[PDB]
Amino acid sequence: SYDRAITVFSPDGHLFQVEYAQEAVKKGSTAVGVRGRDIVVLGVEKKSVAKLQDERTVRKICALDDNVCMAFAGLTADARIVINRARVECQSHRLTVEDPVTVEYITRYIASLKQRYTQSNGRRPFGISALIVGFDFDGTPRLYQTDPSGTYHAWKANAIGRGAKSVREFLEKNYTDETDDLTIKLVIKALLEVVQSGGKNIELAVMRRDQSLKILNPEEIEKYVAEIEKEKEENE
Amino acid sequence: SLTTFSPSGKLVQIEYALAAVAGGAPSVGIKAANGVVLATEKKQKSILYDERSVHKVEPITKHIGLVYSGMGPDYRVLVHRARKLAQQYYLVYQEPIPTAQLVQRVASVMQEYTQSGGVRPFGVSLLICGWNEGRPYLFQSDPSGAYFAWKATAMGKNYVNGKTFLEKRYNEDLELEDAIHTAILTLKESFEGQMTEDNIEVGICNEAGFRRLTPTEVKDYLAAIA
Amino acid sequence: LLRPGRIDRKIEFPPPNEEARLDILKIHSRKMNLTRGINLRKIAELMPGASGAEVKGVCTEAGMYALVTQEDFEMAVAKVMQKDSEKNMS
Amino acid sequence: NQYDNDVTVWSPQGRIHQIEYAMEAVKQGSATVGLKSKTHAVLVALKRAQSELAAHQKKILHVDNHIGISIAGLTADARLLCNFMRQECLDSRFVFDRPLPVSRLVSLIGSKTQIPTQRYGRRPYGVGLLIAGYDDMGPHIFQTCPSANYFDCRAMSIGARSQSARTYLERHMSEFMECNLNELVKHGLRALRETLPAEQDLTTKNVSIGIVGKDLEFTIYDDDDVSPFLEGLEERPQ
Amino acid sequence: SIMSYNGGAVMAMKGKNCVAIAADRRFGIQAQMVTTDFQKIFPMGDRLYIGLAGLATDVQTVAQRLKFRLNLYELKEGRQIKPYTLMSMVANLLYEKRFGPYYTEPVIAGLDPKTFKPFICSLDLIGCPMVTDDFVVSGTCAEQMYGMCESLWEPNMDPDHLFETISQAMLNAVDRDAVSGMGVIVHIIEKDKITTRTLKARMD
Amino acid sequence: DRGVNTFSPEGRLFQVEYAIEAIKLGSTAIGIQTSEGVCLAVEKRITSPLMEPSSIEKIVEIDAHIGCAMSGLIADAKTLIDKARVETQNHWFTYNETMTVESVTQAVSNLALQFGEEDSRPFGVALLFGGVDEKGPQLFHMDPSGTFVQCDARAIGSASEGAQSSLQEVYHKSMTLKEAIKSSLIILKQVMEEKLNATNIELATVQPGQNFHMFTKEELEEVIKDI
Amino acid sequence: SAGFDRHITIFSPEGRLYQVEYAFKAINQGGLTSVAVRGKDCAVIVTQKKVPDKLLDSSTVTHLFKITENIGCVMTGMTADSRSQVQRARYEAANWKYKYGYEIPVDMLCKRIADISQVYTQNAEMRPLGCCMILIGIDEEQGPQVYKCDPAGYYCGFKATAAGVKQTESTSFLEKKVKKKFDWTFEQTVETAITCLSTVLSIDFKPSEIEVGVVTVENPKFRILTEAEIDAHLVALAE
Amino acid sequence: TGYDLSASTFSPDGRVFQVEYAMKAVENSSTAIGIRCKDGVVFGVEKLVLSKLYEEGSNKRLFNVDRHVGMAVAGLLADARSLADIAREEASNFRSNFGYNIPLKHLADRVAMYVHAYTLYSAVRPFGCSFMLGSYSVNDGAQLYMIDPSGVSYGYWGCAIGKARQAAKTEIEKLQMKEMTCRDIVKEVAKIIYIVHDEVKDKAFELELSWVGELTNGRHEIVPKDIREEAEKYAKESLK
Amino acid sequence: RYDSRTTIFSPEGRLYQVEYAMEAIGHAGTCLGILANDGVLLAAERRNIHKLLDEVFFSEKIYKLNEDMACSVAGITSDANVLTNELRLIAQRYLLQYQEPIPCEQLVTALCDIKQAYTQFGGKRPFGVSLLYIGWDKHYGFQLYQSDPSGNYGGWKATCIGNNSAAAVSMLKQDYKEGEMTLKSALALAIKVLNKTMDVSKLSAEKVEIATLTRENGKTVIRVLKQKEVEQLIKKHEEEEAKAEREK
Amino acid sequence: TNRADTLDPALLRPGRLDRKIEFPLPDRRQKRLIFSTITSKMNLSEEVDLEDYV
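Residue numbers (the authors' numbering), protein chains in the order written: chain J, 2 to 179, 183 to 240; chain H, 9 to 234; chain C, 305 to 371, 378 to 400; chain L, 4 to 241; chain P, 2 to 205; chain K, 9 to 127, 134 to 241; chain G, 6 to 244; chain M, 5 to 244; chain I, 4 to 251; chain D, 311 to 364.
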């Protein structure tokens with residue numbers, strides 16, 4: 002029944018600071034990601050261009066290997082540290098085991114590092130939540146998410162950041178069992197289902213499970229928005 | 009304590025150390041055209057004390073003088089540190105250390121003590137000077153790690169009043185003797201009425217080297233210099 | 305009350321600055337039989353956004369010294391402006 | 004009461020209350036009774052369970068060929084001092100090639116438990132040791148405390164409601180010294196049957212007996228060489 | 002020897018108002034050469050070079066270490082470095098490996114930063130400096146260059162005769178030498194300009 | 009009470025009692041010892057349809073005959089499972105044999121309550143251990159405080175009171191395997207909230223003649239539809 | 006003021022710190038008086054003892070601690086700080102003798118002890134050894150010396166020296182006494198020391214309470230006087 | 005009442021309240037006295053049985069540090085045990101480094117510095133013990149010292165540690181202490197301990213007497229108190 | 004309320020020392036850089052312009068760090084010496100390791116990791132210093148970067164220092180330039196910005212500081228220019244104010 | 311009063327502060343003249359020191 006710190010339990014059995022460091026994730030930018038059957042896709046919203054700089058350094062989607070892709074939310078500095086250590090870890094896995102790195106191993110590493118960082122004396126928890134998408138074993142698409150507690154948690158689609166309940170509610174109301185054309189159009193529908201969907205703040209990158217990361221061009225996305233508006237007119 | 013910033017202001021434990029410096033014994037130091045003059049104000053509490061034991065004006069090398077306005081017990085510590093550091097420079101480069109490099113390294117030491125979080129800062133403000141490569145210098149430091157460069161300055165009690173006299177009295181072009189004359193004038197502005205051959209203690213810095221004057225010539229000069 | 309539905313506008317009073325301070329400099333130096341022909345721009349600037357009538361008060365401080379050269383108003387602000395003082399904290 | 008948080012703080016009455024709190028943490032263990040004759044030392048403890056179906060948490064544990072301890076209180080510190088005990092036993096068993104006298108071992112126990120009672124950063128050990136052993140001069144029954152003020156006795160009893168046991172030990176400590184193993188053990192459980200409330204009776208599965216003898220190695224017993232020990236009794240005087 | 006593992010010869014010569022430094026071009030293992038364009042004379046600031054001879058490992062390692070410390074000194078102090086300071090720096094750097102010694106014989110040749118005063122010095126493999134007025138040499142061949150420079154040196158030398166004197170000395174002492182040859186590079190510097198010439202040496 | 013290095017005036021564990029409180033919020037699990045073998049069950053509490061059911065770990069594999077179940081906090085369980093896997097392999101290294109389950113859980117509770125930040135925190139997980147040693151099957155239950163005891167049929171976590179009560183109603187010593195399995199999932203679908211189907215629960219049964227594969231995979235559907 | 010409750014060694018506002026100026030009267034809990042005098046080629050220590058018990062000894066109540074064969078001292082304040090400071094002084098004098106090959110001058114020893122007290126003051130989490138120390142010794146080319154070391158680390162040293170409980174009064178008598186320019190012919194020193202303590206405390210007592218430590222440039226060894234010659238000086242000043 | 009938490013901090017009037025509170029911790033402990041004669045030092049401790057649970061021969065506060073030095077502790081017992089081990093270690097270093105018996109002044113000064121070092125810092129508390137140190141040597145005579153909880157260590161002829169610190173030395177000092185050999189002093193200490201607190205607050209106590217001097221030829225051990233049985237046949241004659 | 008140390012989080016969750024280091028930035032000297040190709044410049048405000056100094060340092064805010072990079076500074080002064088020495092040592096260790104100059108972005112991220120090492124741990128003061136970067140590389144040309152006490156770095160083309168410079172950034176947006184790489188245009192713009200934002204009346208040249216960085220033939224010389232060209236720049240800008248009052 | 315820092319928020323501003331002149335501790339030559347007053351309040355018959363406490 003006090004305040005500090007992250008070592009004390011509540012009088013009713015909670016940790017306040019894990020829940021409170023989740024709030025910075027809950028109030029961050031949105032990024033979604035789905036898996037198709039052969040091509041995986043994800044992307045972030047809120048490019049937030051301030052009219053006078055470059056943005057090639059502020060990229061929220063990066064990679065550790067040729068098979069795996071990143072995303073995050075929350076604050077960006079903790080993402081920078083975790084990505085820096087994750088590149089090293091993926092390469093150290095490549096040092097001993099001669100496989101391409103499985104996604105489950107690097108997610109167990111991220112969650113283990115995050116939790117042994119949270120257990121210790123006065124170290125501030127990483128207020129992020131990453132999305133770790135890759136397809137290695139027989140080209141099987143996987144995507145896992147994280148938490149400041151350190152719980153890797155495998156999904157099939159995902160929504161984080163601001164208003165993630167609404168965005169995940171749209172993937173709920175879409176998500177059909179029944183092709184990279186439906187997956188591209190599903191990305192178009194997800195980014196149209198964004199919190200703002202301004203049309204120019206959309207940033208998406210895909211991977212076809214054999215290739216590397218492809219950064220798209222905001223004219224192809226414009227025709228995607230045009231065919232979404234065409235289907236919306238065809239609904240009437 | 010020393011680990012956390014204020015809501016808006018500054019580092020209160022450094023401001024208090026600066027106040028403890030400002031509450032100290034006065035001093036004055038003047039950079040002239042050929043030399044630098046340092047002068048302190050050293051009053052014994054009783055008539056019992058000896059004036060040959062403790063020394064305010066203190067050399068760092070044969071051509072680098074240094075006075076303070078604060079506490080001797082910390083002064084001697086950072087003096088000894090500056091001694092060892094200057095002799096390490098002379099080990100490395102086999103050349104007498106320049107005063108700017110001294111002030112950099114001494115400022116690094118004082119800054120390292122201002123870092124967190126169990127040690128207190130020094131309650132000592134320095135006045136460093138020396139004659140390196142013809143042009144003499146004058147460098148004041150502070151407990152906060154900062155440093156400056158002066159033509160003439162003061163530190164201690166009534167440093168504001170002595171400085172307003174320095175702005176009026178001093179100029180750009182003088183010699184060492186006229187510098188000593190205006191220095192004993194601005195120290196005599198603020199000191200007690202009885203100023204003798206022992207209440208002051210004066211060292212100079214010619215280009216021929218540092219020189220710490222004796223009570224013989226100090227009593228000869230301040231025998232009603234004006 | 306801070307609900308705008310109770311009061312619409314909310315308008316602070318930005319103190320006078322260089323332009324305004326200089327115009328009011330000439331103003332508050334108008335009627336006093338000063339030592340005319342004097343720069344008031346440095347006075348306006350020495351006022352760091354003084355609260356309007358402070359030019360009048362500096363005029364009062366100046367005239368008191370003369371009891378009005380530019381030096382009068384200089385010493386006037388000197389009484390006025392000191393504290394701020396006390397460097398050695400840069 | 005704002006001085007009553009840490010080990011380092013002396014009280015304004017001089018009684019460091021962390022020691023008192025560790026004593027009270029010892030007072031909430033199980034009841035146990037240890038008592039010796041001239042030739043045999045017997046310590047008897049009481050088991051409890053978490054539920055009906057589960058097994059009983061054991062108290063008498065082995066240490067060495069002639070050393071066995073009872074216990075009450077915490078179990079992590081119990082096993083910690085157990086490992087330290089076995090370690091110091093096999094240390095001297097390696098070096099000197101002799102069995103340890105008990106008194107120097109318990110002095111080492113006090114010196115071990117001294118450090119967490121004086122510096123900051125460790126708690127005093129909640130522990131309820133009743134030590135039985137054999138040096139050259141016969142059986143010894145020692146007890147410890149979280150204040151490391153170890154005692155030697157001839158019959159002690161620590162744990163919950165152990166004071167009626169102490170009254171029984173008062174009124175039979177003169178009688179203890181002469182007898183052989185069997186009635187000695189049944190005096191021990193004629194202390195344990197008063198360490199219990201009167202509306203229930205001591206069964207097989209909840210009691211434990213450990214005998215060390217001058218020629219007999221330390222041995223724990225459970226229900227089967229205790230079914231011989233449980234007969235030879237009458238009812239309580241209702 | 003270990004000094005004769007990769008060959009090498011560095012000559013520096015003080016003139017009247019200018020200074021000339023020259024070295025060989027050959028790089029190779031004990032008897033097998035590899036290339037003719039191996040650099041042994043490095044720029045350390047303006048109008049001041051250094052020459053390194055001996056094991057090539059210590060040449061490039063000490064050259065990069067010295068460039069590290071040199072740029073740290075010239076960035077801590079805005080002025081440029083005096084040659085005695087550089088000499089003492091190389092002495093301290095070599096004496097830090099008192100028992101782990103580099104196998105090199107550094108030669109420093111440079112001008113005064115304020116005046117046009119020339120300067121030459123050389124060091125040993127543990128950091129023993131030696132300032133002279135005529136010439137210093139290093140490398141495998143010693144007695145050849147000593148005989149040539151003690152034969153050919155004059156006190157007051159125009160830069161042209163300086164160039165020709167160091168040219169003839171290096172050519173004859175290198176052509177008599179076995180493990181060091183295959184071309185000569187010459188740096189002749191002064192207050193006004195910096196000249197670098199390569200000579201037609203015997204490729205044998 | 010604030011701090012793991014201060015007792016109570018009475019008899020409070022605090023740094024441990026709040027952990028024993030923190031157990032109670034977790035999902036339930038039920039393991040039952042039978043001489044035929046040890047069975048075990050758990051509830052996943054699946055939240056989303058995107059929540060892939062086979063990725064949530066509750067029953068993991070320690071040895072070829074040693075199973076497990078976790079509780080409450082996830083990652084303290086991950087730490088203990090990792091170390092437990094490592095140490096049994098060390099036992100097989102130096103002894104060419106299988107570390108028995110009592111020795112496994114003593115090896116876990118050597119540091120299951122060893123929390124020290126100087127000279134870190136206590137762990138927040140309850141564990142259910144089942145295995146087949148030389149004495150037949152064994153069912154074992156530990157706690158955060160290291161107070162390890164054998165239990166014949168222990169239930170953990172949420173709703174464990176009625177789980178123990180209705181478990182003590184039906185259980186005795188000479189039960190069979192499948193009867194205990196359906197008696198467990200009856201207690202499960204009395205203590206869970208959602209409809210019992212193929213994806214909610216998972217079983218783990220170990221037999222002395224069926225040491226390998228301590229799991230039932232979608233024959234569990236056939237077991238559930240028999241109620 | 007505080008306010009800050011002055012618990013650790015920090016700087017308070019305007020402008021002092023309170024830990025050391027609380028340590029300056031840890032001397033005052035000693036209940037003891039010390040006087041040192043330098044007039045001429047001698048130097049005299051005088052300090053009384055407060056022994057109420059007949060069961061208590063008299064040899065081991067000595068406060069005069071012979072630091073080295075030419076350096077003496079006396080201590081006031083609490084006893085443990087004093088004795089630990091004395092063993093530090095002996096250890097560092099022996100360190101001087103080992104490192105530099107000759108006998109330590111009394112100035113460098115006071116400097117080293119002051120520096121130790123300053124390091125104990127600069128870093129926190131240690132008590133600042135609340136005892137005061139007066140030293141004496143003979144040096145060639147400088148005559149005799151009398152020095153004082155503070156618990157703060159402020160050494161000084163001077164002609165007529167006094168520290169303890171009642172030494173505002175002692176320095177008042179020593180200003181009213183060391184103002185006349187007579188020489189100090191060693192019995193002048195002993196007489197002025199005995200009578201200055203006899204006017205500050207105003208007791209005029211037996212020769213068995215005060216301790217007298219002297220050093221002279223005729224025998225540079227430190228020397229503690231005997232009851233007979235103490236009685237001789239006391240009746241020699243008895244008129 | 006304001007600032008008495010740490011052992012490093014001072015007070016507004018200049019003393020450490022931790023040391024005072026540790027000093028009056030030993031005041032509640034058992035009464036322990038000591039006295040020397042012209043050829044030896046005699047110890048004596050009023051020791052009490054709890055009720056009936058002791059064994060009369062446990063936890064003896066009369067320790068035995070060196071071959072000729074032992075303690076007469078009173079206060080917290082385990083702290084005294086640790087301090088006795090430190091004293092054994094110090095005598096061990098001296099015997100190993102110089103080849104002869106430790107003088108009691110040097111031993112007492114090392115122990116006083118060790119106790120003072122536990123009074124200095126803020127991480128640790130001061131000791132809660134107060135003990136006696138006696139000795140004898142053929143070239144030194146008898147020496148009896150005394151260490152408080154603070155670390156002030158000096159010498160006595162007689163002392164007392166416990167409740168009746170004044171109430172023992174009221175009639176300790178009327179002993180003709182010089183002209184007696186210690187074999188009289190045995191029953192003297194017996195009568196001194198027997199005077200204080202026969203039955204008033206507690207029920208029963210028990211006497212131990214340690215013994216060093218010339219009669220043991222430099223050894224230190226407990227008396228055969230049952231031999232000559234000098235307490236009780238005089239204790240029953242000391243009630244009138 | 005939840006103040007005590009730099010760690011741990013506040014209950015929303017924000018940080019305490021990060022914002023308070025920013026509010027320690029806000030009361031300091033004003034810096035800026037300008038959009039220019041074939042060169043880049045810096046502007047700086049002189050703190051403590053009192054008449055009894057020496058000015059013999061040639062640089063109080065600029066620090067020519069490697070050869071082809073300098074940096075301005077703002078904030079608490081003496082932390083920056085620790086930072087500049089360590090930054091020079093990082094870049095110099097890189098040059099030692101590769102014998103190629105440092106390509107400036109891993110330099111910026113190295114200093115950001117140095118600052119972030121004191122943002123995470125406890126309990127240490129975070130560096131309350133923001134500072135600029137000009138420089139040149141083989142991979143992008145002329146660059147500009149903004150270090151921040153959080154460890155975030157933003158590549159700008161027109162930067163921001165504290166409370167004196169929000170109106171400066173407003174003038175930089177409302178007077179945004181693109182295409183004109185001419186140094187004289189950017190210098191006149193900087194003169195205009197510091198004329199509005201600084202309270203120096205008529206812009207005395209002793210109260211300003213200007214350093215530039217151009218690419219010369221293979222050298223990338225850094226021109227910390229002297230005072231006379233500043234004087235004629237001020238006279239040029241006051242002639243442009245006369246052009247502005249041609250509208251009357 | 312003993313304090314004035316609890317003030318000058320509106321009293322010392324353009325309009326209010328028209329002739330506000332703080333009067334704190336002065337220089338010296340007061341103490342001497344004060345002696346000359348108060349020491350003359352007592353007798354100080356004809357020859358009794360003044361400066362020794364000035």
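Built from N, CA and C at the ideal position, the CB exists for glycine as well.
Three-state class that DSSP yields for residue i in the structure shown
| i | result |
| --- | --- |
| J/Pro149 | coil |
| J/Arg163 | coil |
| P/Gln33 | coil |
| P/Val91 | helix |
Whole-angstrom distance between residue j and residue i, CA atom to CA atom
| i | j | result |
| --- | --- | --- |
| L/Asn185 | L/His59 | 25 Å |
| J/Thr77 | K/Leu119 | 36 Å |
| residue 261 of chain H | H/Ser198 | The structure shown has nothing for residue 261 of chain H, since chain H only spans 9 to 234. |
Bridge partners - residue i, DSSP secondary structure assignment
| i | result |
| --- | --- |
| J/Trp156 | J/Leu144 |
Sequence-distant residues of the same chain with beta carbon closer than 6 Å to residue i, five excluded per side
| i | result |
| --- | --- |
| H/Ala28 | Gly131 |
Evaluate contact between the segment 57–65 of chain H and the segment 167–186 of chain G, counting only Cβ atoms and requiring at least three cross-stretch pairs below 8 Å. No contact exists between the segment 57–65 of chain H and the segment 167–186 of chain G.
For the pair the segment 126–143 of chain P and the segment 6–20 of chain P, tell me if three or more CB-CB distances fall below 8 Å. The segment 126–143 of chain P and the segment 6–20 of chain P touch, with no fewer than 3 CB-CB distances between them shorter than 8 Å.
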